[PDB]
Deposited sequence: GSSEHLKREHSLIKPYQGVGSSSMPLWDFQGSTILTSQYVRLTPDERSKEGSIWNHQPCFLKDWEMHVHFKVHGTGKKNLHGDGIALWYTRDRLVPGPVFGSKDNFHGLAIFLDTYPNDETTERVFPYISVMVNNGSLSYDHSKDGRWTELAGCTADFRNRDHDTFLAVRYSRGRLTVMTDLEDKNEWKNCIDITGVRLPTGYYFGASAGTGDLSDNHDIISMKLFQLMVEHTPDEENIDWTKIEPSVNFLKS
């Protein structure tokens, strides 16, 4: 009914099953995991070692993006995918992934966009989609919200809930200890047996991308008779039911 330690990244980040592995620019310190420094052309990631077999879960992420007018980037991505620790151009991680991505995009690559950044969005992939970095992934996203999470003078949190086809992302960015709406969609199909992870990238523009904690909660949810005769591990990630 509560916190799943084996799927949580918690300081001092010395968890042992080694519960998380890192690669690229990633460093561990006693107060945060820094995926990238504020230097150009960096890619870094951290990935849960144990595959998650919960159908119904909620991941809380305490993260921090910060640096030195409109000239910073590129953002963080939070993952729940079949493959782990594979570097790539998608905020540090492979493209054509299988599963779920939540992008915390801080830089408008699309030069004539009406969209206010930073922008949070979700993308579900069965390996057949490419993330168009140059268009901020707009043509492959399912939903998104504008989110003011960068350079705040207090803690910034995100909640990603997934249960029974329903994917919710909510924010806590204004120090009011309240969740605010961002994303709420249905007909999302994902398998169990995927891995949680997080990554960030910087290009010609940079920023510190830090994860302070990821806390995975197991939700107590009733399912239908029929639902339980599925091999939930072989479901193909899918959208629109």
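Absence of C-alpha coordinates is noted for several segments of the deposited sequence, namely 1 to 3, 21 to 24, 76 to 77, 251 to 253.
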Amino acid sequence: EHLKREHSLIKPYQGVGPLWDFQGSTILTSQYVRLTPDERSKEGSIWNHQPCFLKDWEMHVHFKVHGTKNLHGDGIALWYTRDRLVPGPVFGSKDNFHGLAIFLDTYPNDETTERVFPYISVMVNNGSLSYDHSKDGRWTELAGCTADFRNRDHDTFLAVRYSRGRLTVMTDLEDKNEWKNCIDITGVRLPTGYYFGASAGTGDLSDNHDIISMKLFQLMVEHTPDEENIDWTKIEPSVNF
From here on, numbers count along this sequence of modelled residues.
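The term rigid core refers to the maximal set of C-alpha atoms that superpose within 1.5 Å between the two forms.
With 78 to 86 and 107 to 115 as candidates, the stretch whose CA atoms show the greater average offset from this form in 4 other deposited structures of this protein after a core fit is 107 to 115.
Per-stretch RMS Cα distance to the displayed form in 4 other deposited structures of this protein, following rigid core alignment, is highest for 18 to 26 when 18 to 26 and 214 to 222 are compared. When the other compared entries with both flanking residues are checked, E227 is unmodelled in at least a third. With 185 to 193 and 171 to 179 compared on mean CA B-factor from the PDB entry, the stretch scoring higher is 171 to 179.
Stretches 196 to 204 and 30 to 38 differ in mean CA B factor, with 30 to 38 having the higher one. In the PDB entry, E141 places in the middle third of its chain by CA B-factor. Among all modelled residues in this chain, the alpha-carbon of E114 has a temperature factor (C-alpha) in the highest third. For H66, the recorded CA temperature factor ranks within the middle third of the chain's modelled residues. When the modelled residues of the chain are ordered by C-alpha B-factor, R82 sits in the middle third. Looking at the C-alpha B-factors along this chain, the one for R164 belongs to the highest third.
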